[PDB]
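Undergrad:
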RNA sequence: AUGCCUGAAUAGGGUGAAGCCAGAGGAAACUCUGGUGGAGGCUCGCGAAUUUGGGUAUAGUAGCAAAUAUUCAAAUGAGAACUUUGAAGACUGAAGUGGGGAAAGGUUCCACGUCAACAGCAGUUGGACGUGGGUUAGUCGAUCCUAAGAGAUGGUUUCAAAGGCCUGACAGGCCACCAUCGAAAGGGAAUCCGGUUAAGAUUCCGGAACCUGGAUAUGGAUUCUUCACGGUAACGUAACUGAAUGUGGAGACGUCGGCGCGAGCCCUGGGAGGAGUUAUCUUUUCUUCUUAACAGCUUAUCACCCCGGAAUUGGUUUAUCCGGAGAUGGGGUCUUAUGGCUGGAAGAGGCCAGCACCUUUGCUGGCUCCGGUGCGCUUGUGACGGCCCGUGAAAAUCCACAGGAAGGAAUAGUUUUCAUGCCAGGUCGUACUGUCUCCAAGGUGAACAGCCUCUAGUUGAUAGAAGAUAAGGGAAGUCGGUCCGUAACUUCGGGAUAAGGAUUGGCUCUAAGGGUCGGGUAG
RNA sequence: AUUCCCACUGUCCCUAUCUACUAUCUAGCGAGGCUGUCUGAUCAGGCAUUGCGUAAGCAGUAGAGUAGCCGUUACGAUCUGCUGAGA
RNA sequence: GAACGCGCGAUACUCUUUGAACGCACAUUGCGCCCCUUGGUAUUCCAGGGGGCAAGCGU
Ligand SMILES: [Zn+2]
């Protein structure tokens, strides 16, 4: 039944400043400003949240190790597993089709 | 603040060149069996943190107290 | 007091939970479970007693329809 | 128990909202009986297609 | 009149659209019935109108200055209706007469002394007068970035010689594109609790902690000498080099609805204290029983992976959506949002009791515990569903990925996104009040409402005296008149097996139904 | 919008009474009952712009019903008496 | 000419902040760069001081 308000300069209900109410060890209710939550990194091909990569603020990534923001597979930390598998399969099939086209062309101008 | 479960780590903390004081705090508290007992907290602050060792055994606390350096200041409670 | 949506939600949740419990326990097979699930979603049963009574009456009628035909033909 | 948003809206925005609702109702009632107020789809339906227009011209 | 950029707001009651589920009629189409669902030019309190801040375009007469209620005793003072204390009466009633902020004001904040003027009576009072005191930041803002737009350079990148970098025992090579201003409500690295003054607090004091930048040292790894491994996989790790060049993520983005979860508040049981009432009754009414940032361990819906191959179609939401483009089922991986335990931390804060004094007069001893609850209010969050629409502002800032340049060993090879250790953080605002804005108890109402009270504030406003009803007629008037008596029902789980006061024993076939041991007379 | 029917009414015959507010002077300046709610409950009171004739207490074996046994604890509206009482 | 201070400018009864006003901005005591020098452990860090910044396919 004790009423609390903002503790900073901004007096408006903006997304920047948001308030939680906590009971301090002094026995009173007090306001506390909450920071914006972090966002999971997303795959660069399909846009789904990357698996096994920590969710932090943009500047909090510079203070953790590489194993907390990467995956041991190729493109790990940038693309998910299915996208990488699709990339591998597509690249191999494209190269095989290029070989087949080159052989067919070598045959078709071999006539003259 | 940090908690440590290692007695020798606490002793190593108290043996460094830049050590000021160690605090020994006593709490009379009950366990799950309902019988009350004496719990001792040994607190020493390192470079940037305060390390606390909690011991629920009286004999171990006595042995650790006897094993503290004689040139180390100890705050009782 | 309690609005219609809350009562309906509680009733449907308890009905579905009971149906799942019966299906896991082996008292109700897959097909009877599916039929009863669709029926309970359609306000066919008003409480647990109605569901149990419908189950047991369905079991009796399934036991009896096979002899029903000759039973009526003989008379 | 009244919600905070309801209290805020009733203290702040109720009067002008009611006034604008009244004005809209009055204008709609006034123009209900007037002739010359039609929607674009209705105007197109009354106009008809091209082929309907050569049919009308003939 | 029409705009644009960045914010706040777009609430509540009622009704009940598509779609879906279960039924009945019909050969379909379809039509009724019940539920569900929660939509709108739906309702309720050529024209007009269409919330809001900041920025930015095209005669000692009239009278008393109007905000209700004051009374008693004491103190000060020359002087008291107005100052102060106590008592009584009354008021605001969380949508305040309560606590804060932006802008604006500029000392109005606090103390001491005073009533010449002012506060339309008075005044010993003061937002007055005179003299002093008071505003403490690495973490809160500005400072940084860009938005609409503004605006230099030669109208906003244009027939401009508009600039930086690299290689090499001056020549060669690479790249394109324009300054700057514009937000104390947008984006943004990091601090909490307790205490403290006459007036200062996320700024001071005590304790505790984070952020950024920098130079460096030690341990460990880099396993034969040269940039590490494991798992089928999702992926895991104490590390585990990476130039030019080319990309990806966060920043970074419409609105609404129900459902699930967390926290604060509200409600509530036991117990340990303190207070009130008690002619009578009342195991009774009020109040204390709190745990900050930060840190370690652990904890997930969703999503993904592996096995497997599904119609007698199953799974499944409050909302009928999903499955050979791989369901049900079985087993795993991940994000740590958010709970739990612990350190911070009981030493703090709170509630009590007792002992010291013409004095800073503080000392001592206890208790600070264990639970329940939800169409409740506030707020955050997850998976969905609906509708509008440029796939829903930009930039500073951080991270990652492809690529393979270059470098690395014999009296300290190379790297140091692993661990520990050292140093520093400037300028301006901060007192006080306050067209836009923040917080928000309970009970009755049993229909938003109104009424009453808790915490907290008031007693301000010159003072004293001295609409309703109605006999008979009835428009003759005027231009116009929720609570007492019934019955059936009715909530969650667990249970299987025909019942649940009795004498319990209860069908056929079909995997297992705790282990073990034991068979005569004669030669 | 107008006209007729019934019912009602201080519109009128025909005015009368009460409350609040106002106006005036003075000191100074100066152009018994009931509804809702609250005192923990009775009793007794406050508020809601009058809000809209048998007291308090005790007793009865009479008393709707709540609560003990298969003649019987207790609570108990209402009723009766003290009581043309009480004020 | 203006602002702030003790006629004058921190040397104040030499010349602060500005102003045609000149490193860039500006309704801010905001933001830089270059050269010398000094101090605090100091080759790196931090700070103070002084002084500054409105070629050609032509002959
Ligand atoms: Zn992907």
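Residue numbers (the deposited numbering), protein chains in the order written: chain g, 2 to 113; chain k, 2 to 78; chain R, 88 to 162; chain 8, 3 to 60. For every residue, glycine included, the Cβ atom is placed at its ideal position computed from N, Cα and C.
For ligand 1, enumerate in chain order all residues having a CB closer than 7 Å to any of its heavy atoms.
TA: Selection output, chain order preserved: 44 (chain g), 46 (chain g), 47 (chain g), 49 (chain g), 80 (chain g), 81 (chain g), 83 (chain g), 84 (chain g).
Undergrad: Compare the C-alpha of residue 142 (chain R) against each of 97 (chain R), 95 (chain R), 122 (chain R) and name the closest.
TA: Sequence index remark: in the third chain, residue 142 (chain R) carries index 55 (1-based). The candidate whose alpha carbon is nearest that of residue 142 (chain R) is 122 (chain R).
Undergrad: State the Cα-Cα distance for the pair residue 60 (chain 8) and residue 20 (chain 8), rounded to the nearest angstrom.
TA: For the purposes of this step, residue 60 (chain 8) is taken as residue 58 along the fourth chain, with counting starting at 1. For the purposes of this step, residue 20 (chain 8) is taken as residue 18 along the fourth chain, with counting starting at 1. Roughly 54 Å separates the two Cα atoms.
Undergrad: What is the DSSP secondary structure of residue 59 (chain g), reduced to helix, strand or coil?
TA: As a position in the first chain, residue 59 (chain g) is number 58, starting the count at 1. Residue state, collapsed to three classes: helix.
Undergrad: If you draw a straight line from the alpha carbon of residue 43 (chain k) to that of residue 67 (chain k), how long is it in whole angstroms?
TA: As a first step, residue 43 (chain k) is located in the second chain; it is residue number 42 there, counting from the start. As a first step, residue 67 (chain k) is located in the second chain; it is residue number 66 there, counting from the start. When rounded, the distance between both Cα atoms is 13 Å.
Undergrad: Which residues in the same chain as residue 57 (chain g) place their Cβ atom closer than 6 Å to its Cβ, once the five residues preceding and following it in sequence are excluded?
TA: Taking the first residue of the first chain as 1, we reach residue 57 (chain g) at position 56. Excluding positions up to five away in sequence, the list reads 39.
Undergrad: How would you call residue 94 (chain R), buried or exposed, if buried means at least 16 neighbouring beta carbons within 10 angstroms?
TA: For the purposes of this step, residue 94 (chain R) is taken as the residue at position 7 of the third chain. That one is exposed.
Undergrad: Leaving aside the five residues before and after residue 71 (chain g) along the sequence, list all residues of the same chain whose C-beta is less than 6 Å from its C-beta, in chain order.
TA: Counting from 1 along the first chain, the entry for residue 71 (chain g) is found at position 70. Within the same chain, residue 71 (chain g) has close Cβ partners 77, 78.
Undergrad: Taking residue 48 (chain g) as the reference, give the member of 84 (chain g), 18 (chain g), 68 (chain g) with the closest Cα.
TA: Mapped onto the first chain, residue 48 (chain g) falls at position 47. With distances taken between Cα atoms, residue 48 (chain g) lies closest to 84 (chain g).
Undergrad: What is the DSSP secondary structure of residue 71 (chain g), counted as helix, strand or coil?
TA: Translated into the one-based positions of the first chain, residue 71 (chain g) becomes position 70. Here residue 71 (chain g) sits in coil by DSSP.
Undergrad: Would you mind sorting residue 15 (chain k) into buried or exposed? The rule is 16 or more other CB atoms within 10 Å of its CB.
TA: Position 14 of the second chain, counting from 1, holds the residue named residue 15 (chain k). Its Cβ being crowded by 16 or more others within 10 Å, residue 15 (chain k) is buried.
Undergrad: Quick one: any contact between the segment 68 to 75 of chain k and the segment 15 to 32 of chain k, if contact means 3 or more CB pairs under 8 Å?
TA: yes
Undergrad: Roughly how many whole angstroms lie between the Cα atoms of residue 106 (chain R) and residue 149 (chain R)?
TA: Numbered from 1 along the third chain, position 19 holds the residue referred to as residue 106 (chain R). Numbered from 1 along the third chain, position 62 holds the residue referred to as residue 149 (chain R). Cα to Cα, the separation comes out at about 19 Å.
Undergrad: Look at the alpha carbon of residue 2 (chain g) and the alpha carbon of residue 24 (chain 8), and state the distance between them as a whole number of angstroms.
TA: Position 1 of the first chain, counted from the first residue, corresponds to residue 2 (chain g). Position 22 of the fourth chain, counted from the first residue, corresponds to residue 24 (chain 8). Straight-line Cα distance between these residues: approximately 40 Å.
Undergrad: State the start and end residues of the unbroken beta strand (DSSP E) segment that holds residue 23 (chain k).
TA: Here the question's residue 23 (chain k) lines up with position 22 in the second chain. 22 to 31 is the extent of the beta strand (DSSP E) around residue 23 (chain k).
Undergrad: Would you please state the rounded distance, in angstroms, between the beta carbons of residue 32 (chain g) and residue 41 (chain g)? I believe it to be under 8 Å.
TA: Working through the first chain from its first residue, we reach residue 32 (chain g) at position 31. Working through the first chain from its first residue, we reach residue 41 (chain g) at position 40. The pair is not a contact, with the Cβ atoms about 29 Å apart (cut-off 8 Å).
Undergrad: Quick one: Cα of residue 103 (chain R) to Cα of residue 74 (chain g), how far?
TA: Along the third chain, read from residue 1 onward, the residue named residue 103 (chain R) stands at position 16. Along the first chain, read from residue 1 onward, the residue named residue 74 (chain g) stands at position 73. Distance between the alpha carbons of residue 103 (chain R) and residue 74 (chain g) is about 44 Å.
Undergrad: Return the chain-ordered list of same chain residues with a C-beta closer than 6 Å to the C-beta of residue 54 (chain k), the five sequence neighbours on each side being excluded.
TA: By 1-based counting over the second chain, the position of residue 54 (chain k) is 53. So the list reads 5, 11, 43, once near-sequence residues are dropped.
Undergrad: Quick one, are the C-beta atoms of residue 29 (chain k) and residue 40 (chain k) less than 9 Å apart?
TA: Within the second chain, the letter at position 28 stands for residue 29 (chain k). Within the second chain, the letter at position 39 stands for residue 40 (chain k). Yes; because the gap between Cβ atoms is below 9 Å, this pair is in contact.
Undergrad: Following the continuous beta strand (DSSP E) through residue 56 (chain k), name the residue where it begins and the one where it ends.
TA: The residue given as residue 56 (chain k) occupies position 55 in the second chain. 51 to 56 is the extent of the beta strand (DSSP E) around residue 56 (chain k).
Undergrad: If we ignore side chains and look at the alpha-carbon of each, how far apart do residue 58 (chain 8) and residue 46 (chain 8) end up?
TA: Mapped onto the fourth chain, residue 58 (chain 8) falls at position 56. Mapped onto the fourth chain, residue 46 (chain 8) falls at position 44. Looking at the two C-alpha atoms, the distance is approximately 15 Å.
Undergrad: Can you give me the C-alpha to C-alpha distance between residue 146 (chain R) and residue 99 (chain R), rounded to a whole angstrom?
TA: Here the question's residue 146 (chain R) lines up with position 59 in the third chain. Here the question's residue 99 (chain R) lines up with position 12 in the third chain. Using only the alpha carbons, I get a separation of about 23 Å.
Undergrad: Would you mind sorting residue 127 (chain R) into buried or exposed? The rule is 16 or more other CB atoms within 10 Å of its CB.
TA: On the third chain, position 40 is the one that residue 127 (chain R) refers to. Classification for residue 127 (chain R): buried.
Undergrad: Could you tell me how far apart the beta carbons of residue 34 (chain g) and residue 9 (chain g) are, in whole angstroms, since I believe they sit closer than 8 Å?
TA: Along the first chain, read from residue 1 onward, the residue named residue 34 (chain g) stands at position 33. Along the first chain, read from residue 1 onward, the residue named residue 9 (chain g) stands at position 8. With a Cβ gap of about 6 Å, residue 34 (chain g) and residue 9 (chain g) count as contacting.
Undergrad: What residue from 24 (chain g), 46 (chain g), 29 (chain g) has the CA that sits closest to residue 80 (chain g)'s CA?
TA: Stepping through the first chain from its first residue, residue 80 (chain g) is reached at position 79. Checked all of 24 (chain g), 46 (chain g), 29 (chain g); the closest Cα to residue 80 (chain g) is 46 (chain g).
Undergrad: How many Å lie between residue 162 (chain R) and residue 155 (chain R) at the Cα?
TA: Reading the third chain from its first residue, position 75 is the one you call residue 162 (chain R). Reading the third chain from its first residue, position 68 is the one you call residue 155 (chain R). Computed Cα separation, rounded: 11 Å.
Undergrad: Are the Cβ atoms of residue 37 (chain g) and residue 16 (chain g) separated by less than 9 Å?
TA: For the purposes of this step, residue 37 (chain g) is taken as the residue at position 36 of the first chain. For the purposes of this step, residue 16 (chain g) is taken as the residue at position 15 of the first chain. Their beta carbons are under 9 Å apart, which means residue 37 (chain g) touches residue 16 (chain g) by this criterion.
Undergrad: I'd like the list of long-range same chain contacts for residue 6 (chain g), defined as Cβ closer than 7 Å, with 5 residues on each side in sequence excluded.
TA: Looking up residue 6 (chain g) in the first chain gives position 5. Only 32 meet the Cβ criterion.
Undergrad: Considering only DSSP beta bridges, list what residue 42 (chain k) is partnered with.
TA: Here the question's residue 42 (chain k) lines up with position 41 in the second chain. For residue 42 (chain k), the beta-bridge partners assigned by DSSP are 26 (chain k), 55 (chain k).
Undergrad: Buried or exposed: residue 22 (chain g), going by 16 or more other Cβ atoms within 10 Å of its Cβ?
TA: Within the first chain, numbered from 1, the residue matching residue 22 (chain g) stands at position 21. Residue 22 (chain g) is exposed by the Cβ-count criterion.
Undergrad: Give me whichever residues DSSP pairs with residue 76 (chain k) in a beta bridge.
TA: On the second chain, residue 76 (chain k) is found 75 positions in, with the first residue counted as 1. 24 (chain k), per the DSSP bridge assignment.
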